[PDB]
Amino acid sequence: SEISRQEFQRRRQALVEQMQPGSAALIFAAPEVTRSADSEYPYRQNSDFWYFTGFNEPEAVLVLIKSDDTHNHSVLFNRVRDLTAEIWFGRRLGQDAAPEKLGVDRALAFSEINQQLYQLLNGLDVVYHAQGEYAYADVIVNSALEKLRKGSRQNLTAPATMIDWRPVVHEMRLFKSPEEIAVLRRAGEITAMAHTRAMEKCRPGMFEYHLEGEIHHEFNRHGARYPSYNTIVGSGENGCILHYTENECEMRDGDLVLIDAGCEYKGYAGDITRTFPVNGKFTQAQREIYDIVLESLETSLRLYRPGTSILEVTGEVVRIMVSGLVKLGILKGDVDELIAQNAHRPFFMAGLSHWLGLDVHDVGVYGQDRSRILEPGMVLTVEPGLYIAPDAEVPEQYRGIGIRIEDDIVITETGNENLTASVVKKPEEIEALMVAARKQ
């Protein structure tokens, strides 16, 4: 699926609706980013700028002007067309095609922005700007306001009020539209197919990075060229490290592998984690920890719905985990006292959920301790895990284990929808899948 022109227009108007009359909102594009020397990383548009434009060029600025409660218009600054620059550094939209292509009223050359922007802000009361987001943007905005401030003899005046649009825009991004949900739904499928494939390909002797290659290939073949985040393939003791991206080790018969990978599809992130035996057969000890993480996920998926919160559901997960660990002798004592002592923390130190959207760790206000009441349209991850360090003082068989199972959900009128359930997580279903693949 995709995001429509009409949808981009709706979002702009939605922002304008909340703006004060006599104001302008300034949204800047991301800079290009060096990888080494004259070589650059693949371009990634700023998420907020993308959200309002679906325009994948740098050196661009969207300006939304609200004259009053019924009058408003849009100006885009963007790079000019140029036969030289394009033949080299690749084709450009230019000013002519931009109004029609991107549904803006006017389009001006970025190279003129210092000559033109102050004229657009002259006489307004308010400017909305995300200060500190980019250095080049702050320089342009501050330069425009100084010309207005020092220009009373030329009848110029600066807006005295600057407001951060991020709280407003991020509150919008927090609630996904039907179109957005459809896109994320497809990101979930693509990402899941990748994890299914990783499970099917995995053999002892393969290196962790080989599963990374299989996943990225799968993303690509469905049209999601880039991952939403750096892929994790943590086998054995590497599963205990949360930001493990080296993915440099041989995968050994007997170990578990934790794979956290997500595609980026039309800008929107998938985010799945599956953990499984490298040899296709869970051991007793591996099952004992896996079952606790899986019950945490399965209960959380039953619970998540409008009315509850991440905090509340996290409470139930803590309970499930402390009980499970007490039964294994990894913790000793009363469950309720241990909870109050937060005794689960050496083993479960991540949160259960984060917002998901144009960024994998998406924008939006969580509330104190993530107490915010959930409403339909919110999209989030459910990702319980247990991480027992190699030197943890616990029975030997649990040492050096890292297990996480992560699914992506959307809150609905009566519950939630699981976007990533098409890749399996029940242990019998994992072993069946891997067995089935190993006859080929």
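Don't overthink the numbering: it's just position in the shown sequence, from 1.
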Mean B factor on CA atoms, stretches 231-239 and 341-349, record says higher is 341-349
Mind pulling up the entry and telling me whether 286-294 or 77-85 has the higher mean Cα temperature factor? 77-85
Ranked against its chain, the third holding the CA B-factor of residue 16: middle
Grab the CA temperature factor for residue 213 from the record and place it in the lowest, middle or highest third of its chain. middle
Taking the C-alpha B-factors as the PDB entry records them, is residue 299 in the lowest, middle or highest third of its chain? lowest
Entry-reported C-alpha B-factor of residue 316 relative to its chain, by third, is middle
Taking the values exactly as deposited, rank residue 421 by C-alpha B-factor within its chain and report the matching third: lowest, middle or highest. middle
